[PDB]
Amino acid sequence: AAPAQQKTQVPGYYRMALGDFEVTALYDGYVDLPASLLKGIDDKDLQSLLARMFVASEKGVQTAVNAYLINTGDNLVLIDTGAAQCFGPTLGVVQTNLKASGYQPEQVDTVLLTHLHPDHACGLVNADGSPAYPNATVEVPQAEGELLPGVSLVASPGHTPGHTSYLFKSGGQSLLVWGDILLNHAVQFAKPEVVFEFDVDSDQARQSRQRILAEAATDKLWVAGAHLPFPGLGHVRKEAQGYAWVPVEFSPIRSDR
C-alpha cells in the first residue's frame, strides 16, 4: 500500500566553498575492480582492511570515478571528465551531473586532465563525436597562480609517466585535485606501500603517493580524489603508521563562514 519505490539516487554533485572559489564535485558513476589488482599485501590483510571499512569485494570493489569543476571567478575549470561510455553504462554521468549542478558544458573554458586514462579523458567526447566541452582549452600533461590565477601544477608521476595533480589556492585555503594518487581508500591510506596493477610504474607511483600523502597531511590541505568515495573531498590525517582519510561533512555553503 506504500507508493512505488522511487529508486533514483540524488544527483551526483556536491558544492563546497574554497575561499572565494566554488568547488562542484561531479560523479561519473562506478566501476567494479577486482581486489586482486591491488598488490604488495597478503590476501588476508587485504580482506581485513576491506572488512574494516565495510567494503564488499566478492564481486569486485565498487570504485567511484569523480571529476571536479572549480569556479575561480576568473575561470570555470573542469578537472578530468569521467569515462563517457569507454567502460560501459555504469559510468559516463559527469556531464549530466555538471548540468544538474546548474552549469552548462559550453561554459567550461578550461579542462585539466590529471592523466590520459579512459576514466579521466574519454569524457572529452560525446557519443556523436562532438566535443563535450567545445569552448575549453584542454591541458594534457607531458609524459596569476601559474597555469591560471590560483591554479598550479603538482607533478605526481608514476600511475602514468605524465600523471599530474592540480593545486587550487584561494583565501588561505588549498585544494589538491590529485587524480589517481590512490585507488582504494580502505587500503592505501593505511598501507600506501600497496600498489595497483595498472600503475604504469608502481614503485614511482608509490613514491609519489607517499610524498603527496605526507604533504597533504602536513599542510592540512583539502584533497579531491578521482577514486575516493564521492564527493571525494576531505583531508588526510597522519596515523602512527600510514594515514587516514577524513571525508568532508555534508553542509550547505554558509554565508557566515
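Just count from 1 along the sequence shown to find any residue number.
Asks: Deposited residues absent from the coordinates between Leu116 and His117, none, 1 to 3, 4 to 9, or 10 or more?
Replies: Gap size class: none, per the record.
Asks: Do the C-alpha atoms of 168 to 176 or of 144 to 152 have the higher average B factor in the entry?
Replies: Higher mean C-alpha B-factor: 144 to 152.
Asks: Between 23 to 31 and 214 to 222, which has the larger average Cα B-factor in the PDB entry?
Replies: Per the PDB record, 214 to 222.
Asks: Given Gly102, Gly123, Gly88, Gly73, identify the residue with the highest C-alpha B factor in the PDB entry.
Replies: Spelled out: the listed residue with the top C-alpha B-factor is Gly88.
Asks: So where's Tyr68 on the chain's Cα temperature factor ranking, which third?
Replies: Answer is lowest: the recorded C-alpha B-factor places it there.
Asks: Taking the chain's C-alpha temperature factors as the reference, tell me which third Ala136 falls into: lowest, middle or highest.
Replies: It belongs to the middle third of the chain when residues are ordered by C-alpha B-factor.
Asks: Is the Cα B-factor recorded for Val246 in the lowest, middle or highest third of its chain?
Replies: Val246: CA B-factor falls in the lowest third of its chain.
Asks: If you rank every modelled residue in this chain by C-alpha B factor, which third holds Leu37: lowest, middle or highest?
Replies: Highest third of the chain for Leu37's C-alpha B-factor.
Asks: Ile181's Cα B-factor: lowest, middle or highest third of the chain?
Replies: Middle third - that is where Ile181 ends up once the chain's C-alpha B-factors are sorted.
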